[PDB]
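Student: Please find the sequence and an experimentally derived structure below.
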Amino acid sequence: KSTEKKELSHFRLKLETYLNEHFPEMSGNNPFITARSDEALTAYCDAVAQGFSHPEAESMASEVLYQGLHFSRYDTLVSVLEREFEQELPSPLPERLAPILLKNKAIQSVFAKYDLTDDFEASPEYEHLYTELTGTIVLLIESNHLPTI
């Protein structure tokens, strides 16, 4: 129960950091962070109870913590912008535009066609997504409809 407070704080901090970096749009969601940190703790306490070591328990609790959060739309937009638009939109623009593009109806309508599972980026369909996003941003720039500031 001291262990449980210490572990809970450890899982919460890891998830806060991970969201801050990869899902900034979700990073202030206290209901999710509380609920997901609680789930990871239960996985940890279960594993210990069933005979797993501390490192084993922490490892599998971390898989619980991060479950369904391996694919990041934010990260994908940042990468597209850095790899493909480096000349037209150099740093720090990728980090500033990606959150706004994430709210753009053209960009959303592209991501919505795909099943963004944890293993999506390894998927054949990743390359399709990436090319489609690149093409959309080209159109946004050429039509002078790129979101600003």
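Tutor: Looks like it came in fine. Numbering: from 1, shown residues only.
Student: With only the CA atoms kept, save stretch 41-52 in PDB.
Tutor: In PDB, the C-alpha atoms belonging to stretch 41-52 read as follows (Å, rounded to 0.1, in the frame of the first residue of the first chain):
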ATOM      1  CA  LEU A  41      -1.600  -0.400 -11.100                       C
ATOM      2  CA  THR A  42      -4.100  -3.200 -10.900                       C
ATOM      3  CA  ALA A  43      -2.100  -5.100 -13.600                       C
ATOM      4  CA  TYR A  44       1.100  -4.600 -11.500                       C
ATOM      5  CA  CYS A  45      -0.600  -5.700  -8.200                       C
ATOM      6  CA  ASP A  46      -2.100  -8.700 -10.000                       C
ATOM      7  CA  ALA A  47       1.200  -9.800 -11.500                       C
ATOM      8  CA  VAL A  48       3.000  -9.500  -8.100                       C
ATOM      9  CA  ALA A  49       0.200 -11.600  -6.500                       C
ATOM     10  CA  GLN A  50       0.400 -14.300  -9.200                       C
ATOM     11  CA  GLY A  51       4.200 -14.800  -8.800                       C
ATOM     12  CA  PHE A  52       5.800 -12.400 -11.300                       C
END
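Student: And the residue nearest the centre of the chain, how far from residue 131?
Tutor: Using C-alpha atoms, centre = their mean, the residue of the chain that lies closest to the mean C-alpha position is residue 72, 3.4 Å off. As judged by C-beta to C-beta, to the nearest Å, residue 72 and residue 131 stand 18 Å apart. (Each C-beta comes from the backbone N, C-alpha and C, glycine too.)
Student: and if you look at residue 11?
Tutor: Taking C-beta to C-beta as the measure, residue 11 falls 37 Å from residue 131.
Student: out of the two, which sits in the busier spot?
Tutor: Each of residue 11 and residue 131 has its neighbours counted (other C-beta atoms under 10 Å); residue 11 has more, 23 against 12.
Student: I'd guessed the more buried one sits against residue 40; true?
Tutor: Yes - using C-beta atoms under 8 Å, residue 11 and residue 40 qualify as a contacting pair, with a distance of 4.1 Å.
Student: okay, and the common contacts of those two?
Tutor: Contact with both residue 11 and residue 40 is made by residues 61-62, 65, according to C-beta atoms under 8 Å, 6 or more residues apart in numbering.
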